[PDB]
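In what follows, a structure is listed as structure tokens, so that the remarks can point back to it.
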Amino acid sequence: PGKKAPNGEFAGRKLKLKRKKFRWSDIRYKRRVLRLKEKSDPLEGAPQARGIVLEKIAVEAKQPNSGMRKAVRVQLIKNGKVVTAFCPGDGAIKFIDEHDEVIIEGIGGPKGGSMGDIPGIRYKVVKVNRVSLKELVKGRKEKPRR
Amino acid sequence: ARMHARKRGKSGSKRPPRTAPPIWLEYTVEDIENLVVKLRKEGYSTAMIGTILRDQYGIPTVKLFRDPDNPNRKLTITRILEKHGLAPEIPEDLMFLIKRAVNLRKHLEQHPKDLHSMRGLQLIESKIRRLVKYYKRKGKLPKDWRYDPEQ
Amino acid sequence: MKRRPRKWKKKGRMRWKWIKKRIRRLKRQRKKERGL
RNA sequence: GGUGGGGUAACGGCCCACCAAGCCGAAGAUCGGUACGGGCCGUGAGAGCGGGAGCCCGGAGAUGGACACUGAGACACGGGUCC
RNA sequence: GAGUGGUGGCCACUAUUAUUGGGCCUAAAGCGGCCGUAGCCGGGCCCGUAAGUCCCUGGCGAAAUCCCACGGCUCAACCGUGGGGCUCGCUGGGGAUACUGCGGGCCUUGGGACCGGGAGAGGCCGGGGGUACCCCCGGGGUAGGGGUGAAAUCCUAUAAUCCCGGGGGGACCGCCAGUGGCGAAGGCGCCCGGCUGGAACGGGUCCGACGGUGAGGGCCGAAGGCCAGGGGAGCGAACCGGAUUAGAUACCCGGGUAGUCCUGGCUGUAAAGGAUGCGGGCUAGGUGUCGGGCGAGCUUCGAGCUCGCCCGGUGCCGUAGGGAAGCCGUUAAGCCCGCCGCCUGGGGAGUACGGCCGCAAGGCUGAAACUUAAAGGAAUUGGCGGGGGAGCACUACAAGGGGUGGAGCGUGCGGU
RNA sequence: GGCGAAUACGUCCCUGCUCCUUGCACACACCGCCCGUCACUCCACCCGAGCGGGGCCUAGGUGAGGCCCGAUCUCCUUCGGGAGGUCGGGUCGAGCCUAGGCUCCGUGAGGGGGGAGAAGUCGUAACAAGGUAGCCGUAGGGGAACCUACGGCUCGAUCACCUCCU
RNA sequence: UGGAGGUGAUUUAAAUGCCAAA
Ligand SMILES: [Mg+2]
Ligand SMILES: [Mg+2]
Ligand SMILES: [Mg+2]
Ligand SMILES: [Mg+2]
Ligand SMILES: [Mg+2]
Ligand SMILES: [Mg+2]
Ligand SMILES: [Mg+2]
Ligand SMILES: [Mg+2]
Ligand SMILES: [Mg+2]
Ligand SMILES: [Mg+2]
Ligand SMILES: [Mg+2]
Ligand SMILES: [Mg+2]
Ligand SMILES: [Mg+2]
Ligand SMILES: [Mg+2]
Ligand SMILES: [Mg+2]
Ligand SMILES: [Mg+2]
Ligand SMILES: [Mg+2]
Ligand SMILES: [Mg+2]
Ligand SMILES: [Mg+2]
Ligand SMILES: [Mg+2]
Ligand SMILES: [Mg+2]
Ligand SMILES: [Mg+2]
Ligand SMILES: [Mg+2]
Ligand SMILES: [Mg+2]
Ligand SMILES: [Mg+2]
Ligand SMILES: [Mg+2]
Ligand SMILES: [Mg+2]
């Protein structure tokens with residue numbers, strides 16, 4: 001490989017063309033300009049969402065960890081899609097009942113995705129029937145309407 | 001390097017730096033012009049005339065005498081021939097290349113499977129086209145002049 | 001096909017030649033169903 | 001694009017009659033996508049990269065699509081007609 | 001600290017977009033090779049011009065927003081009076097000529113043309129040969145030949161294997177042969193004749209910058225495959241038998257179709273690898289070998305031999321420098337001046353959809369959803385090998401003596 | 001304590017251990033590592049008969065309304081004409097209907113590979129000469145990893161000989 | 001001393017990794 005080209009004083013057009021051509025090999029640039037995330041995001045670019053609980057499930061941790069992580073299936077009000085949301089806390093699943101409404105947000109893993117030993121779950125529960133879940137787990141408050 | 005083969009031969013002439021003709025040279029300008037005209041009328045090429053003048057008459061390159069008519073430039077064989085109307089119509093190297101191409105084409109009619117010789121023909125014609133472009137730019141050839149092997 | 005000489009390395013995979021043969025077999029069947 | 005007219009507050013294929021074959025394009029035409037433009041704003045040592053709701057200047061609209069009366073000025077958000 | 005945490009977005013981190021300022025031998029990445037159009041980059045001197053470029057000066061680029069000093073609200077945030085900046089952009093004039101551009105003149109160093117004596121498996125066409133192998137006919141002789149780790153299938157009393165005298169056929173050119181030669185690469189090796197391409201050396205010969213790279217475009221391109229017509233000795237996909245094995249759709253053995261060969265086309269693919277794109281300048285030495293030239297000494301006078309130097313090829317060891325290291329090192333992977341091509345964590349995937357080309361097989365172009373924390377390179381210490389070498393042992397063998405395993409019983413263990 | 005022999009004075013063939021050298025995808029260190037089909041669970045995607053629903057171009061028909069030029073009618077006139085109705089002609093025109101062609105959304109019988117999981121199953125293809133060296137191109141065959149033929153590369157181990165160098 | 005190539009050969013069969021580490 002010789003010297004980097006073009007270097008000429010009157011070769012601006014070719015240099016700009018080259019830089020534009022090879023910028024499409026950058027995955028971050030390509031996804032932003034083509035808006036690929038907005039096309040497949042169930043939350044439609046929102047930071048939080050509201051949904052209705054359909055059922056409770058449990059997911060096994062990946063190797064070499066052991067345990068069951070409690071999660072729920074949530075149907076979104078805004079577009080009707082169904083996602084899976086993790087319930088953080090010790091014994092927090094006992095405060096969830098079927099047909100309740102919840103507020104969910106991102107779980108906070110790398111690249112805006114999943115984290116830890118539970119891939120496939122991208123969201124977590126924040127509120128239950130307009131009451132903070134963290135309070136309910138700690139106490140200090142009672143779940144409304146029984 | 002070479003135009004196509006990319007070799008790096010270095011053989012050539014090593015002309016010493018001098019301005020005036022040597023002392024031991026005794027021919028005058030007119031004698032040299034007469035010799036050049038005679039040799040041209042015998043039917044020699046421009047490169048061959050200088051070779052004969054150097055080898056047999058002891059005359060190093062004629063580019064040691066000022067042009068008597070135009071003091072701003074030195075003398076060359078082609079200029080001497082132009083002063084008498086014996087200069088070639090087509091530049092000599094172009095003519096030689098065209099002559100080489102014509103002979104090779106009639107060989108390839110009887111040997112259609114000689115593919116290695118055909119590449120030589122392609123390279124020769126590339127050289128011819130380079131030369132014709134250059135000569136069109138300088139005005140040594142008419143603008144409508146074209147190279148067609150079918151001629 | 002395009003060249004990926006990284007695929008020819010044998011650690012943790014089967015031979016690339018036979019993967020290529022298998023893919024070519026698979027592509028024939030799709031082409032036949034497309035013509036129907 | 002030319003020649004001869006009409007219409008306009010006014011020049012103009014703006015619109016007609018007639019005569020020609022032109023005009024744009026790999027230095028990206030045509031088509032598709034996404035967006036009101038700028039002064040400015042965020043970040044970075046700088047070179048740069050990203051945004052352009054709120055205040056000022058310019059543009060466009062009044063449920064969607066068409067069309068008129070009055071007037072110096074409108075085809076008019078709190079004036080008129082049709083679908 | 002009256003705040004402090006969670007989720008999403010942009011910049012920085014990031015020299016992971018590189019003009020400043022990155023990479024492509026072995027880690028992602030140089031098109032299989034070459035020719036050439038636009039574009040970009042272009043040798044030395046003299047004269048002119050003033051477009052680019054530099055300096056001076058007029059008319060502009062609203063205010064708000066930014067920076068500085070002073071002044072008013074208690075100081076500040078905020079606001080006022082001045083000085084700068086910002087919209088890096090446009091335009092009227094004057095001056096300069098080093099560089100780039102443009103016009104003219106003059107050169108020979110880069111490139112090309114030509115002449116001389118030589119070198120070479122470079123290419124195409126015609127002719128003549130060399131052993132070897134297979135089949136057929138005739139003579140001799142008689143019971144086996146062939147093949148494997150061991151065998152069997154197979155050939156043989158219609159006389160095989162082996163030896164001798166003849167006839168026919170198709171493919172291929174042994175030793176000499178050389179990190180030797182030629183070609184852009186793929187590739188090229190019997191001898192004589194004809195046609196033809198390129199390169200090196202010698203050159204006070206000729207022309208006079210005619211040059212480098214090259215998007216699109218064009219031509220060449222191992223083996224295999226396909227379409228028509230020939231040929232078919234040996235070898236041999238598919239297939240048919242004999243074995244091995246738990247099975248053996250294989251490795252081994254006996255046969256065998258297509259193909260391998262020639263003529264006219266198509267396909268355009270390889271670990272097509274020097275895994276290293278091409279042109280130019282420069283930066284210690286040492287030592288082999290091929291071609292040409294020069295000098296000296298020998299000589300059987302040979303187109304012969306030995307030594308030294310210059311140019312061009314082809315190898316090895318190595319200094320400065322480079323590199324992650326292996327290593328490279330005037331045949332650079334070192335310092336500098338150019339142009340084109342390509343790469344941006346691992347998979348999905350060279351896949352899906354669309355387009356072009358091909359008789360077909362196939363070629364070129366080429367994503368996304370989703371998934372993942374490594375994948376990848378060079379080197380170190382051990383352990384291992386149905387790898388090599390050296391040594392050793394009656395809880396190893398070889399040469400020997402005596403036994404245990406079968407019966408009844410003593411005692412210990414599993415099970416029930 | 002009594003009685004009291006046979007054979008060898010060697011080799012690394014079997015079983016093993018020590019050191020030098022070499023290859024390695026092993027370090028839990030060969031009782032290592034590791035590949036593909038079929039079966040089971042879950043996720044995203046592709047092809048797709050049929051089934052509905054939208055959007056653009058064309059072609060034909062129709063057309064609310066607008067403008068201009070005529071004829072005629074009714075009522076007012078300051079006699080200049082104004083306000084409107086009906087018929088005729090010309091031109092522009094949103095919308096609507098039919099046909100055709102492209103394109104988007106929702107379902108969808110059936111088919112196809114991909115990715116995770118952990119083991120239901122059959123074998124042992126690659127790493128040491130991995131027990132037939134491995135790999136690239138093309139073609140044929142096979143439950144599956146794979147096997148065979150022609151040309152190529154070293155990113156191939158061991159012994160003997162030969163060649164070319166420092 | 002240390003390197004780079006070429007030609008020959010290379011005597012039957014020999015699959016797997018559970019339990020545990022947890
Ligand atoms: Mg904008
Ligand atoms: Mg607002
Ligand atoms: Mg980062
Ligand atoms: Mg990098
Ligand atoms: Mg690579
Ligand atoms: Mg290459
Ligand atoms: Mg390559
Ligand atoms: Mg110059
Ligand atoms: Mg100027
Ligand atoms: Mg201002
Ligand atoms: Mg005060
Ligand atoms: Mg103050
Ligand atoms: Mg102020
Ligand atoms: Mg006989
Ligand atoms: Mg070129
Ligand atoms: Mg090769
Ligand atoms: Mg040399
Ligand atoms: Mg070295
Ligand atoms: Mg297609
Ligand atoms: Mg024992
Ligand atoms: Mg014994
Ligand atoms: Mg017993
Ligand atoms: Mg390991
Ligand atoms: Mg094993
Ligand atoms: Mg094996
Ligand atoms: Mg093997
Ligand atoms: Mg077979």
Side-chain angles (χ1 to χ4, degrees), chain A residues 1-11 13-15 19 22-23 25-29 35-36 40 43 45-48 60 64 66 105-108 110 112 119-120 124 126, chain B residues 1-16 18 45-55 60-61 63-64 72-74 76-78 91-94 96-97 103-104 107-108 110-123 126-127 129-131 133-135 137-138, chain C residues 1-6 8-18 23-24 26-27 29-30 33-34:
Chain A
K3 193 183 175 182
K4 195 217 308 185
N7 199 38
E9 181 176 3
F10 300 100
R13 170 181 287 113
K14 183 68 168 59
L15 191 50
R19 183 51 54 203
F22 283 121
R23 200 182 179 188
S25 300
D26 187 4
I27 189 60
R28 292 191 307 271
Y29 171 82
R35 307 179 60 195
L36 289 179
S40 301
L43 263 60
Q48 300 168 309
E60 301 185 9
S66 301
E105 67 188 8
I107 201 175
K124 64 182 180 181
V126 173
Chain B
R2 298 284 76 81
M3 174 169 287
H4 297 136
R6 311 274 207 276
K7 282 307 190 69
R8 294 171 187 159
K10 295 294 179 182
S11 70
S13 57
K14 292 162 288 300
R15 172 190 51 91
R18 66 157 69 248
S45 165
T46 295
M48 209 56 190
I49 296 176
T51 301
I52 294 180
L53 287 181
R54 179 197 65 187
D55 286 3
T61 168
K63 313 160 76 174
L64 297 175
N72 298 276
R73 62 183 196 176
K74 63 185 64 176
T76 66
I77 291 185
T78 310
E92 278 190 348
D93 42 11
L94 181 58
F96 278 120
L97 284 180
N103 171 256
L104 178 53
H107 165 84
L108 290 178
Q110 304 171 354
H111 302 271
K113 302 185 66 180
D114 187 3
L115 291 186
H116 283 59
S117 296
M118 180 179 299
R119 184 177 181 264
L121 177 68
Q122 298 175 343
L123 301 183
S126 295
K127 291 178 179 177
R129 273 184 263 275
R130 288 168 176 251
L131 277 179
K133 174 164 64 178
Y134 166 74
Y135 280 132
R137 192 166 73 247
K138 309 296 290 190
Chain C
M1 300 187 182
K2 299 188 177 183
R3 313 301 282 155
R4 276 206 187 111
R6 183 186 181 99
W8 311 340
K9 295 179 177 178
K10 206 68 190 321
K11 175 181 175 182
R13 61 171 69 87
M14 56 176 288
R15 190 175 178 172
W16 158 250
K17 215 178 189 182
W18 313 139
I23 289 180
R24 277 174 176 168
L26 190 57
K27 281 164 65 181
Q29 184 183 350
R30 293 170 184 157
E33 300 173 357
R34 193 200 324 276

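Every chain is numbered from 1, with letters handed out A, B, ... down the list of sequences. Below, all heavy atoms of this structure are taken into account, side chains as well, without hydrogens, waters or symmetry copies.
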Item to check | B/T46 backbone acceptor or donor facing B/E92 side chain under 3.5 Å | outcome: yes
Item to check | Distance test, side-chain N/O of C/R13 to OP1/OP2 of F/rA25, below 4.0 Å | outcome: no
Checklist entry - Quick one: B/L104 CG to E/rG123 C1', roughly how many Å, whole number? => result 12 Å
Next on the checklist: Quick check against the 3.5 Å criterion: does B/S13 have a side-chain atom that pairs as donor or acceptor with the backbone of B/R15?
Outcome noted: no
Checklist outcome for this item: Checking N1-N3 plus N6-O4 or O6-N4 for Watson-Crick, or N1-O2 and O6-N3 for wobble, each under 3.5 Å, the partner of E/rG82 is E/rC68
Next on the checklist: Is there a side-chain contact between C/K9 and the phosphate of E/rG377, meaning an N or O under 4.0 Å from OP1 or OP2?
Outcome noted: yes
Checklist entry - With a 4.0 Å cut-off on heavy atoms, is B/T78 in touch with a base, just the backbone sugar-phosphate, or nothing at all? => result sugar-phosphate
Checklist entry - Do the side-chain N or O atoms of A/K14 get closer than 4.0 angstrom to the phosphate oxygens (OP1, OP2) of E/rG341? => result yes
Checklist entry - Across the strands shown, which category fits B/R119 at heavy-atom distances under 4.0 angstrom: base, sugar-phosphate, nothing? => result base
Checklist entry - At under 4.0 Å between heavy atoms, what does B/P16 touch on the DNA or RNA strands: base, sugar-phosphate, or nothing? => result base
Item to check | Of B/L123 and B/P112, the one whose closest RNA chain E nucleotide lies more 5' | outcome: B/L123
Checklist entry - Once you round it to whole Å, what is the distance between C1' of E/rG39 and CG of A/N7? => result 16 Å
Checklist entry - Does E/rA157 carry a north or a south sugar when the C1'-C2'-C3'-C4' torsion is used to decide? => result south
Checklist entry - Do neighbours E/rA157 and E/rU158 have base six-rings closer than 5.5 Å at the centres and tilted less than 30° apart? => result no
Item to check | Distance below 4.0 Å between B/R6 side-chain N/O and E/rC35 OP1 or OP2 | outcome: yes
Next on the checklist: In whole Å, measure the gap between the P atoms of F/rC146 and F/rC127 for me.
Outcome noted: 11 Å
Next on the checklist: Expressed as a whole number of angstroms, how long is the span from B/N103:CG to E/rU196:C1'?
Outcome noted: 9 Å
Item to check | Residue closer to the 5' end of RNA chain D, A/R35 versus A/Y29 (nearest nucleotide) | outcome: A/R35
Checklist entry - What interatomic distance, in whole Å, is found between P of E/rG183 and the corresponding atom of E/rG122? => result 9 Å
Item to check | Sugar geometry class by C1'-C2'-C3'-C4' for F/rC31 | outcome: south
Checklist entry - Could you state the CZ-P distance from B/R54 to E/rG116, rounded to the nearest angstrom? => result 12 Å
Checklist entry - When we call it a touch if two heavy atoms are under 4.0 Å apart, what does B/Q122 touch: a base, just sugar-phosphate, or nothing? => result sugar-phosphate
Checklist entry - Say you pick atom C1' in E/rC210 and the same atom in E/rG116; how far apart are they, in whole Å? => result 27 Å
Checklist entry - To the nearest angstrom, how far is C/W18 atom CH2 from F/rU148 atom P? => result 9 Å
Checklist entry - Toward the 5' end of RNA chain E, which comes first, A/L36 or B/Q110, by nearest nucleotide? => result B/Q110
Checklist entry - Can you tell me how far P of E/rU20 sits from NZ of A/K3, to the nearest Å? => result 9 Å
Item to check | Distance below 4.0 Å between B/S13 side-chain N/O and E/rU205 OP1 or OP2 | outcome: yes
Checklist entry - With a non-hydrogen cut-off below 4.0 angstrom, is B/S45 in contact with a base, only sugar-phosphate, or nothing? => result nothing
Next on the checklist: Between A/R28 and E/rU16, is there a contact of a side-chain N or O with OP1 or OP2 at under 4.0 Å?
Outcome noted: no
Next on the checklist: Taking the sign of the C1'-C2'-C3'-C4' torsion, positive for north and negative for south, which way does the sugar of D/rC75 pucker?
Outcome noted: south
Item to check | Value in whole Å for how far the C1' atom of E/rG105 lies from CZ of B/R73 | outcome: 11 Å
Checklist outcome for this item: A/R13 CZ to E/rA215 P, in whole Å, measures 19 Å
Next on the checklist: Within the 4.0 Å heavy-atom criterion, would you say C/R6 contacts the bases, only the backbone, or no part of the nucleic acid?
Outcome noted: base
Next on the checklist: Need one value for A/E9: base, sugar-phosphate or nothing, where a base atom within 4.0 Å counts as base even if backbone is also close, heavy atoms only.
Outcome noted: sugar-phosphate
Checklist outcome for this item: pair_partner(E/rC364), Watson-Crick or wobble, both distances < 3.5 Å, evaluates to E/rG355
